[PDB]
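Coordinates as given in work17.cif (mmCIF, C-alpha atoms):
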```
data_work
#
loop_
_atom_site.group_PDB
_atom_site.id
_atom_site.type_symbol
_atom_site.label_atom_id
_atom_site.label_comp_id
_atom_site.auth_asym_id
_atom_site.auth_seq_id
_atom_site.Cartn_x
_atom_site.Cartn_y
_atom_site.Cartn_z
ATOM 1 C CA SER A 1 -10.330 -90.427 35.017
ATOM 2 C CA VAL A 2 -6.551 -90.070 35.261
ATOM 3 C CA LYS A 3 -5.185 -88.812 38.579
ATOM 4 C CA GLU A 4 -1.423 -89.334 38.737
ATOM 5 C CA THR A 5 0.650 -88.919 35.575
ATOM 6 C CA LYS A 6 4.034 -89.792 37.068
ATOM 7 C CA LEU A 7 4.424 -93.093 35.224
ATOM 8 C CA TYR A 8 3.050 -91.628 31.996
ATOM 9 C CA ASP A 9 5.516 -88.747 32.262
ATOM 10 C CA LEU A 10 8.383 -91.184 32.790
ATOM 11 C CA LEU A 11 7.414 -92.954 29.568
ATOM 12 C CA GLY A 12 6.572 -89.671 27.847
ATOM 13 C CA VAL A 13 3.174 -90.811 26.584
ATOM 14 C CA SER A 14 -0.427 -89.644 26.944
ATOM 15 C CA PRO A 15 -2.525 -91.558 29.473
ATOM 16 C CA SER A 16 -5.192 -91.757 26.772
ATOM 17 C CA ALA A 17 -2.910 -94.262 25.054
ATOM 18 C CA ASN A 18 -3.694 -97.971 25.351
ATOM 19 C CA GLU A 19 -1.335 -100.685 26.572
ATOM 20 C CA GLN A 20 0.018 -101.216 23.058
ATOM 21 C CA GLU A 21 0.798 -97.532 22.528
ATOM 22 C CA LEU A 22 2.121 -97.275 26.080
ATOM 23 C CA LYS A 23 4.542 -100.066 25.197
ATOM 24 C CA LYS A 24 5.701 -97.992 22.230
ATOM 25 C CA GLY A 25 6.312 -95.121 24.645
ATOM 26 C CA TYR A 26 8.452 -97.432 26.773
ATOM 27 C CA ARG A 27 10.395 -98.638 23.736
ATOM 28 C CA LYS A 28 11.280 -95.043 22.872
ATOM 29 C CA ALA A 29 12.276 -94.226 26.450
ATOM 30 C CA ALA A 30 14.158 -97.520 26.707
ATOM 31 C CA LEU A 31 16.303 -96.503 23.741
ATOM 32 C CA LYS A 32 16.763 -93.050 25.265
ATOM 33 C CA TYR A 33 18.161 -94.524 28.479
ATOM 34 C CA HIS A 34 19.524 -97.688 26.869
ATOM 35 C CA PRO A 35 22.569 -99.040 28.694
ATOM 36 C CA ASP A 36 24.449 -99.495 25.428
ATOM 37 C CA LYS A 37 23.867 -95.914 24.295
ATOM 38 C CA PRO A 38 25.857 -92.780 25.113
ATOM 39 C CA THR A 39 22.825 -91.469 26.993
ATOM 40 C CA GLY A 40 22.278 -94.730 28.870
ATOM 41 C CA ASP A 41 21.004 -94.370 32.434
ATOM 42 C CA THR A 42 20.235 -97.378 34.622
ATOM 43 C CA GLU A 43 18.347 -95.326 37.206
ATOM 44 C CA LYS A 44 16.017 -93.726 34.663
ATOM 45 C CA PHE A 45 15.781 -96.994 32.739
ATOM 46 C CA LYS A 46 14.534 -98.688 35.904
ATOM 47 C CA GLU A 47 11.967 -95.940 36.467
ATOM 48 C CA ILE A 48 10.470 -96.286 32.990
ATOM 49 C CA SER A 49 10.593 -100.073 33.294
ATOM 50 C CA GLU A 50 8.463 -99.823 36.428
ATOM 51 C CA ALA A 51 6.153 -97.432 34.586
ATOM 52 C CA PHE A 52 5.943 -99.899 31.700
ATOM 53 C CA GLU A 53 5.183 -102.997 33.767
ATOM 54 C CA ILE A 54 2.607 -101.206 35.913
ATOM 55 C CA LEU A 55 0.915 -99.573 32.926
ATOM 56 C CA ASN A 56 1.313 -102.733 30.851
ATOM 57 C CA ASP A 57 -0.997 -104.746 33.096
ATOM 58 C CA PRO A 58 -4.491 -103.410 32.410
ATOM 59 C CA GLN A 59 -5.385 -104.100 36.039
ATOM 60 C CA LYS A 60 -2.439 -102.187 37.491
ATOM 61 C CA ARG A 61 -2.947 -99.352 35.013
ATOM 62 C CA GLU A 62 -6.572 -99.014 36.104
ATOM 63 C CA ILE A 63 -5.510 -99.082 39.755
ATOM 64 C CA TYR A 64 -2.872 -96.446 39.019
ATOM 65 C CA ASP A 65 -5.347 -94.136 37.291
ATOM 66 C CA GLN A 66 -7.972 -94.558 40.001
ATOM 67 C CA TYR A 67 -5.828 -94.729 43.123
ATOM 68 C CA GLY A 68 -2.233 -93.936 42.174
ATOM 69 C CA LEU A 69 1.254 -95.441 42.228
ATOM 70 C CA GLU A 70 1.113 -96.690 45.815
ATOM 71 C CA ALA A 71 -1.935 -98.856 45.125
ATOM 72 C CA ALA A 72 -0.613 -99.872 41.709
ATOM 73 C CA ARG A 73 2.595 -101.171 43.283
ATOM 74 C CA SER A 74 0.668 -103.056 45.965
ATOM 75 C CA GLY A 75 -1.780 -104.332 43.354
ATOM 76 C CA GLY A 76 -4.736 -102.819 45.205
ATOM 77 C CA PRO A 77 -5.757 -99.889 47.402
ATOM 78 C CA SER A 78 -6.240 -102.293 50.309
ATOM 79 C CA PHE A 79 -3.450 -103.808 52.397
ATOM 80 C CA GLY A 80 -2.980 -107.056 54.319
ATOM 81 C CA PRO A 81 -1.293 -110.463 54.375
#
```
Reformat the file's structure so that it appears as C-alpha cells.
Amino acid sequence: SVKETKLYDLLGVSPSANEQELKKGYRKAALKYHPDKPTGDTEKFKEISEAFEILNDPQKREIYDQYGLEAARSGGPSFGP
C-alpha cells in the first residue's frame, strides 16, 4: 500500500501512477517552478526534483511507499556503513 504521500503531493500526482506518469507529473511541476518562469522557485523545484528522482527509481519508490521518505533517501530501512 501507499503510506506517505509527501513526494506525490509535491509532484501533484496520484501514487497509483507509474514511473512514466510520475515523470509527467514532475514535468508539469518543473514548469510550474521553472527558474526561467515568472513563478520560478528553486526551493520548490528542488523538492519536486527529489520527489522525482526517488519516485523515478522503482526501488526507491517501493521503499518510499512501504517505509517512507527516510528509508527512500537512505535507499533502505536499514542503516550501516
Selection result of the PyMOL selection byres ((chain A and resi 8-18) around 12) on this file, as an MDAnalysis selection string
chainID A and resid 1:7 19:33 43:58 61:62 64:65 68:69
note - CA of residue 60 in chain A and CA of residue 78 in chain A are separated by 13.4 Å
In Å and to one decimal, CA of residue 73 in chain A is distant from CA of residue 34 in chain A by 23.8 Å
Distance in Å - CA of residue 63 in chain A versus CA of residue 76 in chain A
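Distance between the two atoms: 6.7 Å.
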